[PDB]
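Asks: Before I ask anything, here is the structure I am working with.
No lab work stands behind these numbers, since they all come straight from the coordinates. Backbone-built Cβ (ideal geometry, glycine too); neighbour counts: all protein chains shown.
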RNA sequence: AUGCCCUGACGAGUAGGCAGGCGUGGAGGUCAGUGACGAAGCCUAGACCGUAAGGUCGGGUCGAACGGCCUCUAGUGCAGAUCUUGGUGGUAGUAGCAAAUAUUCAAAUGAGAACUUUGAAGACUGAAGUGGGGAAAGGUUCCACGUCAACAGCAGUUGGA
RNA sequence: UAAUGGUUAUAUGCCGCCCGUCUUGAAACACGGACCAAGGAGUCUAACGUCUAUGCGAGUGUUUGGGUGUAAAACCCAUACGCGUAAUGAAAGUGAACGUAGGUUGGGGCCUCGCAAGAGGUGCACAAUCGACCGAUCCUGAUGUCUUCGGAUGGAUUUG
RNA sequence: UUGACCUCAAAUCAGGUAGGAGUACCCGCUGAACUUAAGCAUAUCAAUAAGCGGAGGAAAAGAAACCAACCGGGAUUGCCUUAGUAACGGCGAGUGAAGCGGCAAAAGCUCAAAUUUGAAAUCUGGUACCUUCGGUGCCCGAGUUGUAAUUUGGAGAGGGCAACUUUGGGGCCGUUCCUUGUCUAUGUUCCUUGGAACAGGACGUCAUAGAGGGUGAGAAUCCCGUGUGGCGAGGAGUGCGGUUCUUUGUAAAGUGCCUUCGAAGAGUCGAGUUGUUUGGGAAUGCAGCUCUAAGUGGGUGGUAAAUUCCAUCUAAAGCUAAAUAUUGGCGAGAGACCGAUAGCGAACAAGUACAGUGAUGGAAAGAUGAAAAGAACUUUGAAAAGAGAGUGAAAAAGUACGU
Ligand SMILES: [Mg+2]
Ligand SMILES: [Mg+2]
Ligand SMILES: [Mg+2]
Ligand SMILES: [Mg+2]
Ligand SMILES: [Mg+2]
Ligand SMILES: [Mg+2]
Ligand SMILES: [Mg+2]
Ligand SMILES: [Mg+2]
Ligand SMILES: [Mg+2]
Ligand SMILES: [Mg+2]
Ligand SMILES: [Mg+2]
Ligand SMILES: [Mg+2]
Ligand SMILES: [Mg+2]
Ligand SMILES: [Mg+2]
Ligand SMILES: [Mg+2]
Ligand SMILES: [Mg+2]
Ligand SMILES: [Mg+2]
Ligand SMILES: [Mg+2]
Ligand SMILES: [Mg+2]
Ligand SMILES: [Mg+2]
Ligand SMILES: [Mg+2]
Ligand SMILES: [Mg+2]
Ligand SMILES: [Mg+2]
Ligand SMILES: [Mg+2]
Ligand SMILES: [Mg+2]
Ligand SMILES: [Mg+2]
Ligand SMILES: [Mg+2]
Ligand SMILES: [Mg+2]
Ligand SMILES: [Mg+2]
Ligand SMILES: [Mg+2]
Ligand SMILES: [Mg+2]
Ligand SMILES: [Mg+2]
Ligand SMILES: [Mg+2]
Ligand SMILES: [Mg+2]
Ligand SMILES: [Mg+2]
Ligand SMILES: [Mg+2]
Ligand SMILES: [Mg+2]
Ligand SMILES: [Mg+2]
Ligand SMILES: [Mg+2]
Ligand SMILES: [Mg+2]
Ligand SMILES: [Mg+2]
Ligand SMILES: [Mg+2]
Ligand SMILES: [Mg+2]
Ligand SMILES: [Mg+2]
Ligand SMILES: [Mg+2]
Ligand SMILES: [Mg+2]
Ligand SMILES: [Mg+2]
Ligand SMILES: [Mg+2]
Ligand SMILES: [Mg+2]
Ligand SMILES: [Mg+2]
Ligand SMILES: [Mg+2]
Ligand SMILES: [Mg+2]
Ligand SMILES: [Mg+2]
Ligand SMILES: [Mg+2]
Ligand SMILES: [Mg+2]
Ligand SMILES: [Mg+2]
Ligand SMILES: [Mg+2]
Ligand SMILES: [Mg+2]
Ligand SMILES: [Mg+2]
Ligand SMILES: [Mg+2]
Ligand SMILES: [Mg+2]
Ligand SMILES: [Mg+2]
Ligand SMILES: [Mg+2]
Ligand SMILES: [Mg+2]
Ligand SMILES: [Mg+2]
Ligand SMILES: [Mg+2]
Ligand SMILES: [Mg+2]
Ligand SMILES: [Mg+2]
Ligand SMILES: [Mg+2]
Ligand SMILES: [Mg+2]
Ligand SMILES: [Mg+2]
Ligand SMILES: [Mg+2]
Ligand SMILES: [Mg+2]
Ligand SMILES: [Mg+2]
Ligand SMILES: [Mg+2]
Ligand SMILES: [Mg+2]
Ligand SMILES: [Mg+2]
Ligand SMILES: [Mg+2]
Ligand SMILES: [Mg+2]
C-alpha cells in the first residue's frame, strides 16, 4: 500500500503533451536528444499517407531510410548493450536507443510493418504518448508524420479557428511573445529609453 | 516480439524449462542443421539428430572433422561423434562432447520415421 | 523522494536532529489527545476553544437531503442564462418576452440578494427567495415565481 | 500528544487495520475482464441487446426530484397500457417491476410512449422459423435515452400581480405552524355552551 | 548572464536549523560510451585533482561484464548499540593432562611399540568381586577379515573407531 | 637533474591523556569497546497545517465507472460527487450596496508642472481608525388580521 | 383360533448415506488479555486473537412486514459518495452507521391450502424388457392424519357469455469452447583477436519473427522458439442447415366483459425483565425467563406515553445466476522487488540434520573447468605426500577447487 501510481491533472498532462509535440519541431532539441537528423531536409518531417498502408517490414525500412531516418535507424542496433547491473536478470537484459517515432492517422499495416524494427515506435494522433514524445523527460523526439496525421493535428489539439475536439480544451497561452529577449532588448524603442552602458569589466581604481 | 499471452519471456522460467527438459523434449532441442547438399536434396533446414547420422563439425577446435555419431547423450545436452575423441594421458580415448547446433548433418540415417518426418516438414525425399 | 529529506543530512551526527538531552522516546505526552483537560490545556484553550462540552439539541436520524438549499446570489443570477444568449437579453431589455431562469434546474434552492442585477426584467423560478432578493428582481421589472 | 496550532484529526487506525487493507491493484485487470465478459455475453445473447429497457421514473427526495433517471421496471399498468402482458414483456427485453405504482400521469405517459417506441424499433424473430440475422446493437440505453422533460419555455411575459412571493413563503410557513392551534381554538370555541 | 567583473566588510561554537556538494543499489534518456587486445572486484609507504566527502591514473592479480552526464527512485553511507552472524588474536606452547597401590624383562608383528600380541615376572579386585548372569535402556555396540585420515584430551600396529 | 619539490620511513626540538556517551563537570578509580568482515537504526501509510512549484481559475478535480489500446501504460468521456463561490444561530429560521461598494490617515507605482528639488492630482496591495450591510442577542412595535397572527420602521464596542 | 391397525424392535436383510482432510476466502457459535485512556474500574483494544461447529467455487444475502415523506423510489451484492457525518462516549481517550445520488451486474420466483370427489389422477422399490444420467409393463408398498393437477397476494378462484393467438421432442456432421498434436523466414560468407567467435571489421538476407533461451565470450539470420497462418485428434447439458416423432392434435397457455369470492405461516408477533450487543440516544439486534395476541389488522415511520389521522409494506414458510471475497489448491503471465548473513526457515537429500519425555523448536550448507581433459609415467618416502612430468587458455582453476 505504498503509493505506486501517481495522479497528474489532465490539463497539465495535456500541457506537457502539447509542449512535447512543439519540441519535435525545430531541430536544436532534436539533435540535443540524440536523434541523428542533420541530413534531414526539414523538420517536421511529413511523409505521404501511403506509408500508413505499407504492410511489409522490408518496404517500411526502405521508406524511412529514403526520407532520411537511416542514420537514426543505424543509431539503434549499434547501441545494443548489456544492462549494467542486477536488472539484466530481471527480464531487462538489453539497452538500446530510441529511434524515430512514426505518427499516423489510420493503421492499415504500418504498425505491424514497423513492429520488428529496433527503436522505431508508432503512434496514433489521437493518443500521442508523452513517454514516446519526450523519452527520459527529454524534449525533442524525432517524429515522422504522415500527411493524414499532420492534417489531423489541428483537429486533435485545436487552432485559433478550430476548437479542440477535446471538451473545453484550448492550447495554452504564452506569457512572453517571443523566446528571444535580445531582439526586444536591442529594439529601437527600448534602446532609446536606456542610458549608455559601462565598460563591462570595471577598471580597478586604487 | 511476443504477442501471445501463454508464451513467456521470463529468463528464470525459460532456463528452468531448458535445464529440466525430459528426454523426448531434449530431442528437438538437440537439432542440427543440414548440409548444402541435403537442404538442396530434401528441402528441410534442420533435423532432430539421431545416432547413426554422419556429421561435419563446423565450429570449435574440432572444426572440419567428419564422423558418425556414436551417441546422442541427452543428459549432458551433447552428442559424441566417433573419431572425434580426446586422448587421455594414460593412453585412453574419451569422446568429446559436441553440441549439435555446431554440427552439420552430412548424411541422414533413414528409416520410415525419418522419411515420414521429412514429408511432414514439406520435404522432397529424393 | 528519499534523497531530499533531512534523514540523509543527519547521517554521521549522533542524535538525528532530536537532541541528546531530550533523547527521542516513544510517547512523552501520551498518545493522541491525552490530557487535553490536564496537561495540554494551554494548547486546548488557545487554538481550540470550545472543544470540551456540549452544544444544543441532538437530531436523531438526520438526513442532509432535507436541508438541501444551495444559495444563488443576484451578483450572479445571469450566468445561468448561457453566454451566447445572454447579450441579446441584456440589450433589448424588455418585458413581454423576458428570460426564464429555472433556478432549481440549475440546482439552487434559495435566491439571495448580494447585489446589482441589471435593469432587465427576468422571470425567476426559485424555490425560495429572500426579502431583498425579491425586491431587487422586481425593481428591475422582473418577477419571482415560486415552484416546488 | 497535543501540539501546535493544527486541526484535530480523527484518524481511525487503532484496530488491526493492516490485515484489512484492500489495495486495488486489479483495477486495470478487472476492467479487461469486465470488457471480456460483455463481449462474451453479447456473443452468447446474440442479437439481443445486452440490457433490458428500463423505465423513466422521477427521482425521490426533494434534493433530487428535479431529475428523472432510469428506473427498475415498467409498472404493470404501463405494460398493460402499452398493449402487452408482463410475462411477454419480460421475454422481449422489457424490464417489469411489480412493486412500483403510478401516481404521475406525466411519468406514466412518458413510459407508455417509451414502451410503444421500443416495440416499433425492435424486430422479434420467429420462435422456430428461418430468422435471418439482424445486426446486434449492444445497448438499449443509447437507443432509448432518458431525456429530461422541459420545465418552461426560454422566454415569457412578466406577470407580476403584487402577491410579493416572500410574504407567500412567510404566510405559508405560518399556516403550517399554527394549523392545529387554530382548529383547536375553533373547536374550543364550539365546545363552549 | 544561479555567467564575467569591480568594491567593502566578515569568518569561534554543543543541542539545533538550513544550504551547496560527495558516494551506493535500481529506473527513463543519452555518450552510435568502455570491454576477452581483458569488464567488475582486489592489492599497491607509485602518480595526479578536490578544503573535504571523494574523484582520477599507473603497476600487480583477475576473468565477463561495466561506466560518464541529464533526470527518477530508495531496504542508500557505521567505530561504537555488554548490537547480530561468521571469522580471528594476545593470554600461550601457558594452566594443565596428579582419585581408583604398579608395573617390569624378552621375543614377535611393524615404517614406527611406555601402551599391540605371546611368554616370563610382580601385583590387585578378594565371592555384598574389577567374577558369572539378567531387568530397564541401548540397538549391532556381538564375531571375523581388512584398515588407521578423523575419534580413543599422550601414543596406537590396538579398539565399543 | 632527483638539484628544488612531492610521498614515505627515521631522527631531532617543542607540543600532543581514549574514543563514543550521559553529565554542571570525564583521562578518570563513571558506562560501552580484544580485533576484523558483512549486516545494522526517522521508514511507509491515512488524515491534515505552513510554505513553495505547476495547471486551470469562480471554479476545480479525466483514472468509481465507461470508451479505447501497440494492453496493469497511453489516449478519450457522460452523469454525479467532493471541495470552493454565504454566513449566522442551540433551533425554527433568516440571510450580505445609503453612497462612485463609504469617510479619515499613511501608502508604492502612474499622471501634470518642474533644471533638479519639490508641488499637485490619482492612489492597487497593505496598516490604523470611524461608519454601512447579513445573522444571532437585547430593545421599539406600523399598515393590516377572522385579534392573534404578522413584523414595517428606528435603535447598540453587544455578538460572529 | 384368525385377520388387520397403531406404536416399538431385530437382522452380516435390499439399496444408500454421515464421519476425516484442507480451511486463503465464506456462515455461525464462543471469547480474551496485553494496549490506549499519560493512573484506572466504564470504555478502548474488540463484537478482535485463541477455541468449536458447517459449506462451496465462491459462500452469504436476495425478490420488501424495504427506503422514504419526494413530482416519490423499488430484490440482493459490491465500488465511488454520503462521511470521519447523524449519533454513541468518565460527551474523556476514543468510536461511528444509513437513506438519497453515480456506477458494476441484473432475474426472477415457490409452498401453506381450496373437495379430483364422476377416478390418488401422485411416488419409492423389486422384477422383466429396451434405445440405460433413463423409458415401458407387471407386482408389492407409501399415501386419504393428503401424494398429483390448480393458486401464491404483482394476485388469483368458481360460474356465465363475442373472441383471437401461441402447440412440444430426439440423434447427426460441419458451426462455440476446452485440451492437444503437427507444419509454417533469413549467413553459420571472408579478414583479425581468441582455447572457443557468439567479439571486431567487410559484404548480405529475413522481419505480421530484433520476446526469450541454448550453443566453448554480447547470435534476428547455428538450434529451439518467436510472429502469422494452415491442417488435424479427443472431449463441452449447444447458438445454427437438414433430420425424425407427424390425429405429437378440440392437450396446454395468454387475453375481453359480467358475477360471486378471495382462504394468506401462534408460545409467533408484541410486552416486561435479564444479559449481551449497537452509532441507535425513555432501549439497534439477539438470546434466556415471564405474559401472550388480532383479522378494513399486523409491522414500520430513529423522544417515552395518551388521542386523532396519514403513509408504506404484508412477518412468524421456501428457492435463486451475475457484479463481490480469496496469504489454500491447480494452471499461467508479470515486476523500477531480493540476490546466498539478502530473499520464504529452507536456491542445496529442508521442516532436512539435530535438541527435547512431550507439546514444540530448528540450522549450516550455492560457484573447478568450454569440456575431467580429475594429473599417465619417473623419482624420494612406510605412507600421506613431495619433486619432476603432463592436461588445460589458465593449476596465480588440483574436487581443501571462480575472484
Ligand atoms: Mg554493480
Ligand atoms: Mg550538530
Ligand atoms: Mg540520544
Ligand atoms: Mg490535575
Ligand atoms: Mg426530503
Ligand atoms: Mg408509492
Ligand atoms: Mg408516482
Ligand atoms: Mg562557523
Ligand atoms: Mg560541498
Ligand atoms: Mg545509480
Ligand atoms: Mg565497444
Ligand atoms: Mg581489470
Ligand atoms: Mg596498505
Ligand atoms: Mg568465467
Ligand atoms: Mg539500512
Ligand atoms: Mg562513523
Ligand atoms: Mg562493523
Ligand atoms: Mg557514532
Ligand atoms: Mg561474535
Ligand atoms: Mg583464543
Ligand atoms: Mg605445563
Ligand atoms: Mg608431573
Ligand atoms: Mg585392599
Ligand atoms: Mg589382595
Ligand atoms: Mg581386528
Ligand atoms: Mg590421542
Ligand atoms: Mg595419532
Ligand atoms: Mg569387539
Ligand atoms: Mg641526476
Ligand atoms: Mg629525475
Ligand atoms: Mg628536498
Ligand atoms: Mg607535553
Ligand atoms: Mg549538557
Ligand atoms: Mg569521554
Ligand atoms: Mg576500542
Ligand atoms: Mg570492557
Ligand atoms: Mg562486542
Ligand atoms: Mg557495512
Ligand atoms: Mg451590525
Ligand atoms: Mg445585524
Ligand atoms: Mg445390507
Ligand atoms: Mg469468514
Ligand atoms: Mg461468518
Ligand atoms: Mg486510542
Ligand atoms: Mg493508559
Ligand atoms: Mg488515566
Ligand atoms: Mg498501570
Ligand atoms: Mg466491542
Ligand atoms: Mg478464529
Ligand atoms: Mg470442494
Ligand atoms: Mg463469481
Ligand atoms: Mg446460495
Ligand atoms: Mg412477495
Ligand atoms: Mg434496493
Ligand atoms: Mg463530506
Ligand atoms: Mg465498536
Ligand atoms: Mg452499526
Ligand atoms: Mg451491467
Ligand atoms: Mg393457470
Ligand atoms: Mg560476427
Ligand atoms: Mg552467451
Ligand atoms: Mg525470429
Ligand atoms: Mg538473446
Ligand atoms: Mg498469415
Ligand atoms: Mg405470511
Ligand atoms: Mg457473545
Ligand atoms: Mg459495546
Ligand atoms: Mg438462501
Ligand atoms: Mg494461494
Ligand atoms: Mg557472497
Ligand atoms: Mg537464507
Ligand atoms: Mg527426545
Ligand atoms: Mg564460492
Ligand atoms: Mg565445451
Ligand atoms: Mg605433485
Ligand atoms: Mg586466469
Ligand atoms: Mg598442477
Ligand atoms: Mg589467483
Ligand atoms: Mg583463477
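Asks: Based on the Cβ-Cβ distance of residue D:175 and residue C:54, what FRET efficiency does E = 1/(1 + (r/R0)^6) give at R0 = 45 Å, to the nearest 0.05? Numbers along the way, then the final one.
Replies: Numbers: r = 35 Å, r/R0 = 0.77.
Between residue D:175 and residue C:54 the formula returns 0.80.
Asks: A further question follows. Would you calculate, for chain B, the mean residue ellipticity at 222 nm contributed by helices, counting each DSSP H stretch of 4 or more residues as -39,500 (n - 2.57) and dividing by all residues, to the nearest 500? Walk me through the numbers on the way to the answer.
Replies: Numbers: 4 runs with 32 residues, N = 126.
Helix contribution divided over all residues of chain B: -7000 deg cm²/dmol.
Asks: Angle check, please: helix D:167-177 long axis (alpha carbons) against the longest principal axis of chain D (alpha carbons), in degrees 0 to 90, nearest 10.
Replies: Tilt relative to chain D: about 90 degrees.
Asks: How far is helix A:10-23 tilted off the main Cα axis of chain A, in degrees rounded to 10, range 0 to 90?
Replies: Between helix and principal axis, roughly 80 degrees.
Asks: Which value in nm describes the separation of the simple spin-label points at residue A:81 and residue B:56, placed 7 Å from the Cα toward the beta carbon?
Replies: The answer from the label model is 4.1 nm.
Asks: Per residue of D:60-68, how many C-beta atoms from partner chains lie within 10 Å of its own C-beta, taken as a mean?
Replies: Details: counts 1, 4, 8, 10, 2, 2, 7, 2, 0.
Partner Cβ neighbours, averaged per residue: 4.
Asks: Take chain C, compute every pairwise Cα distance, and split them into 5 Å bins from 0; I just need the percent in each bin.
Replies: Histogramming chain C at 5 Å steps yields 2, 7, 11, 11, 8, 6, 6, 6, 5, 7, 7, 8, 7, 5, 3, 1, 0 percent.
Asks: From the gyration tensor of the Cα coordinates in the protein assembly as shown, what semi-axes in whole Å does the equivalent ellipsoid have, largest first, with each one equal to sqrt(5λ)?
Replies: Each semi-axis is √(5λ); the values are 72, 43, 36 Å.
Asks: Another question, then. Restricting attention to the alpha-carbon atoms of region D:41-86, what are Rg (one decimal) and Dmax (integer), both in Å?
Replies: Cα only, region D:41-86: 14.5, 42 Å (Rg, Dmax).
Asks: Another question about this same structure. Could you tell me the distance between the Cα centroids of region B:78-126 and region C:1-73, to the nearest Å?
Replies: Going from one Cα centre to the other spans 80 Å.
Asks: Would you mind putting A:68-77, B:69-78, D:180-189 in packing order, based on average other-beta-carbon counts within 10 Å, highest first?
Replies: Per-residue Cβ counts within 10 Å, averaged per peptide and sorted highest first, yield A:68-77, B:69-78, D:180-189.
Asks: What order do you get for D:28-41, A:39-52 when each peptide is scored by the mean count of other beta carbon atoms within 10 Å, highest first? Walk me through the numbers on the way to the answer.
Replies: Working: D:28-41: 10.9, A:39-52: 15.9.
The most tightly packed comes first, giving A:39-52, D:28-41.
Asks: If the chain between residue D:11 and residue D:157 were fully stretched, how many nm would it gain, using 0.36 nm times the residue separation less the Cα-Cα distance? Spell out each step's value before the answer.
Replies: On the way: separation 146, 0.36 × 146 = 52.56 nm, distance 5.67 nm.
Full extension from residue D:11 to residue D:157 adds 46.9 nm.
Asks: Under 10 °C and 1.306 mPa s, how fast does chain B diffuse according to Stokes-Einstein, given a Kirkwood radius computed over C-alpha pairs? Answer in µm²/s, whole number. Provide the component values of the computation, followed by the final result.
Replies: Working: Rh = 16.1 Å.
Diffusion coefficient, whole number: 99 µm²/s.
Asks: Using the Cα atoms of region D:34-140 to build a convex hull, what is its mean projected area in square nanometres? Provide the component values of the computation, followed by the final result.
Replies: Details: hull surface 33.7 nm².
Taking the Cα atoms of region D:34-140, their convex hull projects to 8.4 nm² on average.
Asks: Taking only Cα atoms of chain D, what ratio of Rg to Rh do you get with Rh as the Kirkwood inverse-distance radius?
Replies: Working: Rg = 28.1 Å, Rh = 23.6 Å.
Dividing the radius of gyration by the Kirkwood radius yields 1.19.
Asks: Please find the FRET efficiency linking residue B:114 to residue D:39, where r is the Cβ-Cβ separation and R0 is fixed at 45 Å, and quote it to the nearest 0.05.
Replies: Working: r = 46 Å, r/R0 = 1.03.
The calculated FRET efficiency here is 0.45.
Asks: Using only atoms on other chains, find how many Cβ atoms lie within 10 Å of each Cβ of peptide C:42-49 and report the average.
Replies: Details: counts 1, 6, 2, 0, 1, 7, 5, 0.
Partner-chain Cβ atoms within 10 Å, mean over residues of C:42-49: 3.
Asks: Related question: Can you quote the Å³ per residue value for the convex hull of the Cα atoms in chain A, rounded to an integer? Could the numbers behind the result be given before it?
Replies: Details: hull volume 56.9 nm³, N = 206.
So the per-residue Cα hull volume is 276 Å³.
Asks: Sort the following peptides by mean Cβ neighbour count (other Cβ atoms within 10 Å, averaged over residues), highest first: C:38-49, D:110-121. Walk me through the numbers on the way to the answer.
Replies: Working: C:38-49: 13.3, D:110-121: 16.7.
Result, highest mean first: D:110-121, C:38-49.
Asks: If you count, for every residue in D:159-171, the Cβ atoms of partner chains within 10 Å of its Cβ, what is the mean?
Replies: 5
Asks: A further question follows. Gap in Å between the Cα centre of region A:37-111 and the Cα centre of region D:125-185?
Replies: 60
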